[PDB]
Amino acid sequence: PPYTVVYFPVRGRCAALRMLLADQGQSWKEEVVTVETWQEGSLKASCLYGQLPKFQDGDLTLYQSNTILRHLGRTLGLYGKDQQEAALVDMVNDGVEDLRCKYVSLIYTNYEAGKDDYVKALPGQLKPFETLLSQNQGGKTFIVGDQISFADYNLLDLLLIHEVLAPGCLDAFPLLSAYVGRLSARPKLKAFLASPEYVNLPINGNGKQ
Amino acid sequence: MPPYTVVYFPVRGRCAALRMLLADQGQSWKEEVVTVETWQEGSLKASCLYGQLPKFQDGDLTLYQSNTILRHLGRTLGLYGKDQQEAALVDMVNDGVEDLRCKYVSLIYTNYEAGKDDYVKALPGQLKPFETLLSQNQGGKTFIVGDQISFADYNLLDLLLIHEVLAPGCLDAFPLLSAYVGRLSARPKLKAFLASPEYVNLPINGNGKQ
Ligand SMILES: N[C@@H](CCC(=O)N[C@@H](CS[C@H]1c2c(cc3ccc4cccc5ccc2c3c45)C(=O)C(=O)[C@@H]1O)C(=O)NCC(=O)O)C(=O)O
Ligand SMILES: N[C@@H](CCC(=O)N[C@@H](CS[C@H]1c2c(cc3ccc4cccc5ccc2c3c45)C(=O)C(=O)[C@@H]1O)C(=O)NCC(=O)O)C(=O)O
């Protein structure tokens, strides 16, 4: 397999790049790191920012989940059709990362006391992405342009995990709702998402979702 | 008018690095300053994609998200590596820079008094990967990636400049990083920009903390 993915046995910051490789018919290796293995210190000390994921592409090793998404976007042609689209692609992925950051902060540092508050604020947090779809061909294609980009898989993941956190959170957003259904129905992505290596992986590392 | 417009609060903050880029690249831009007053009104905010600043315009292209603007300028002014391999390492640096900038703004705006000692203690460990990155590329005598400047350099540089203000001498433990800052700061147009009242007379953050 041209690609290697080193990460803990969770979906987390690897779900989107996983969705992408499967969807792009790519092949890759999963190097599963257990807490035990991680608690060791060897691997971690060896990681550039002391964290996972880590990714190998030939002699090339990267860290940072967003660096890996952009690298696959760049090499596989999932980064807009021009410099203008790339920038919008970036604007989406940055917004996706901003909400992801609030998501993991809830999950791992304040689930029980800030969840209601988090959910009260969700729609306002999701509104920008339906607005983005509303300005791109009535939201019938992809988040940016009429070609899929790495940011699509990243936003897809973010939407999927929020549906679990706050079911029906999408019900007020028709374009978002339909985008999820449409992307999830792409065959390879479909089979992947229905696969045990996805389905039987928890979303986060602490059992909350 | 300049084809570039920067819409921001009167602070360095998340616009410092991209202004350094533009200054250093001899590019022209307009600054549109936003007071709290104005922001407090809500019409601007309502109109911002993610309800925040900065807001950037390149002709009729409007961008949000500071790192989106850096990559856009990096893309257009050829500050994004020599090849695709370099482009990814550049991204990898910038992601690390953002990750630390995120901890910094949290300290500055939500836990300065209580958190500052612990922040300064953990700082060397946060700075080390960049020292390591320089030590792996021309012994740190060039740029953070390869032998040509990139948007990650300006963002990293700013990151190091503000940490020198919050933790004076913090780079005394990282010779490569220290030399780097002295080198880049010495580029004629950047040095010029950095000593100018347009940069100097802006506070780093919006709450009077640094
Ligand atoms: N900017 C980087 C961030 C990379 C990152 O955060 N990595 C984490 C695991 S990813 C993931 C993640 C986080 C927190 C935790 C916290 C506990 C945890 C316990 C058991 C399994 C996992 C698996 C993943 C994971 C986490 C766990 C969350 O913070 C994350 O943001 C992610 O959602 C990690 O390596 N932690 C070990 C450690 O620092 O020494 C990127 O974009 O790639
Ligand atoms: N992911 C985005 C982040 C953009 C962002 O955070 N913008 C902030 C100001 S930027 C800046 C910033 C933050 C907090 C504050 C808090 C108070 C404050 C008071 C007066 C002036 C400024 C100016 C900047 C600024 C802040 C202030 C900090 O949170 C930031 O991280 C930055 O350092 C904003 O617009 N706040 C208005 C509001 O949400 O209603 C990006 O990279 O572009």
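In what follows, every chain begins at residue 1, and chains take the letters A, B, ... in the order their sequences are listed. What's counted below: heavy atoms across the whole structure, side chains too, no hydrogens, waters or symmetry copies.
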Review point. Quick check: are there more than 12 heavy atoms from other residues, nucleotides or ligands sitting under 6.0 Å from CG of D82(A)?
Key: yes
Point to revise | Residue, of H71(A), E97(A), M91(A), that accumulates the most heavy atom pairs under 4.5 Å with chain B | key: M91(A)
Check your understanding: If you count the non-hydrogen atoms of other residues, nucleotides and ligands that lie under 6.0 Å from CD in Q40(B), is the total more than 12?
Key -> yes
Check your understanding: Can you tell me how far CG of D94(A) sits from CZ of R71(B), rounded to the nearest 0.5 angstrom?
Key -> 6.5 Å
Point to revise | Crowding at CD, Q147(A) (>12 non-hydrogen neighbours, <6.0 Å) | key: no
Point to revise | Option in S66(B), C102(B), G51(B), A88(B) with maximal non-hydrogen atom pairs under 4.5 Å from chain A | key: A88(B)
Review point. Got a sec: does the NZ of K208(A) have more than 12 other heavy atoms crowding it under 6.0 Å?
Key: yes
Practice item. Taking all non-hydrogen atoms of both residues into account, name the closest pair between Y50(B) and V92(A) and its distance. Key: OH-CA, 3.6 Å
**Study point:** Non-hydrogen side-chain atoms of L61(B) and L88(A) separated by less than 4.5 Å
**Key:** yes
Study note, to complete from the structure: Whatever's closer than 4.5 Å to a heavy atom in chain B on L99(A) counts as neither
Exercise for review: Please check if atom NZ in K44(A) has more than 12 non-hydrogen atoms from other residues, nucleotides or ligands closer than 6.0 Å.
Suggested key: yes
**Study point:** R75(B)/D90(A) salt bridge by N-O under 4.0 Å criterion
**Key:** yes
Review point. Between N94(B) and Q64(A), is any pair of side-chain heavy atoms under 4.5 Å apart?
Key: no
Exercise for review: Check each atom of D98(A) against the heavy atoms of chain B and say whether the ones under 4.5 Å are side chain, backbone, both or neither.
Suggested key: side chain
Exercise for review: Look at atom CG of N207(B) and say whether more than 12 heavy atoms of other residues, nucleotides or ligands are closer to it than 6.0 Å.
Suggested key: yes
Review point. Should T68(B) and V89(A) count as side-chain neighbours, where that means a heavy-atom distance under 4.5 Å?
Key: no
**Study point:** Proximal component of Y80(B), with respect to chain A [non-hydrogen, under 4.5 Å]
**Key:** side chain
